[PDB]
Every structure is written in C-alpha cells, then in structure tokens.
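Quick notes on the structure that follows.
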Amino acid sequence: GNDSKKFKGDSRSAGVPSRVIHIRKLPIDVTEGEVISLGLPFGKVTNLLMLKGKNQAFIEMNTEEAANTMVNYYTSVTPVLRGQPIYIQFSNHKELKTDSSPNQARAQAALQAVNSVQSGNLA
C-alpha cells in the first residue's frame, strides 16, 4: 500500500476542506495515544480509524482549522512515532463513524482516558 488515489489533479499537495486525516507508514507498535496525539495540540481528536492491518490510522478533528494545521504543518516536518516516520494527508471521508469493529473497541479507551479516569470494571 502506497497510495489509493487521493484527490486527483496535477500535483500532490496537502490541502483539503475537511477534518478527518489519514496517516500511513505507522509503527508496528502504533497506539491511539500516538495517533490521537498527532492532532491533540493542533485541535481535539474526536474519532480514530485504527488500521493496524496495514499500519494506518485516521483522526477526525473537531474543526477544519485543526485538521488544516497538522496536515499543513507536518507536510514540512516528519511526525516520527516509536522511532519511525509516518505519513500525513487529509482523508477522503469527512465524517468518521466507527462502530462495531475489531479495530474500534481499542480506540474509545484512549478517547475516554485523555478525557477522564475511573477504572474498575470487574470482568
């Protein structure tokens, strides 16, 4: 997996009126805390489409600005994760609605963790 035709035209710039981002070349030990962090200081991650199957992930920012701050900034830099460089580029979709999936159950924990803490589930 190198590219699935994202925004055709003439060149391969990084600019799209959206909020959801698409990250590639993720680390083998990639986690939510990392992926989400990619847009933590830039905005406020709301979703996360973990794609460990192909070392990928997404980030649904709260606003377009936030998403247009990490993708426009990282484009020049390199957000290394776990000692490995990744990819940054706006996602094709504009509304992540992850629900009932194998690579979803291990995502809410992060979103909730950063938010608040309680623990104690007793399974």
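In order, the residues displayed for chain A correspond to 41-163 in Swiss-Prot numbering, which applies throughout.
Quick check of the header: solution NMR.
Cβ atoms here come from the backbone N, Cα and C positions, even for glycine.
Annotated domain 'RRM 1' per Swiss-Prot: 59-143, in sequence order, evidence recorded as sequence analysis. According to Swiss-Prot, the feature SUMO2 cross-link maps to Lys65, an assignment based on a large-scale study or a structure entry. Summarising the annotation, Swiss-Prot assigns phosphotyrosine to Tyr127 and lists a large-scale study or a structure entry as the type of evidence. Summarising the annotation, Swiss-Prot assigns phosphothreonine to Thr138. Marked as phosphoserine by Swiss-Prot: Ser141.
For the recorded site, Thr138 (phosphothreonine), the DSSP three-state label reads coil. Ranked by CA distance from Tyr127 (phosphotyrosine), the recorded positions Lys65, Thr138, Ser141 have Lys65 at the top as the closest. Taking Cβ-Cβ distances under 8 Å and a sequence gap of 6 or more within the same chain, the neighbours of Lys65 (SUMO2 cross-link) are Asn95, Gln124, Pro125, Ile126, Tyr127.
Residues near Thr138 (phosphothreonine) in space but far in sequence (CB under 8 A, at least 6 apart, same chain), listed by position: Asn87, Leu88, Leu89, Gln144, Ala147. Between the modified residues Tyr127, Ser141, the minimum number of other C-beta atoms within 10 Å of a residue's C-beta occurs at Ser141.
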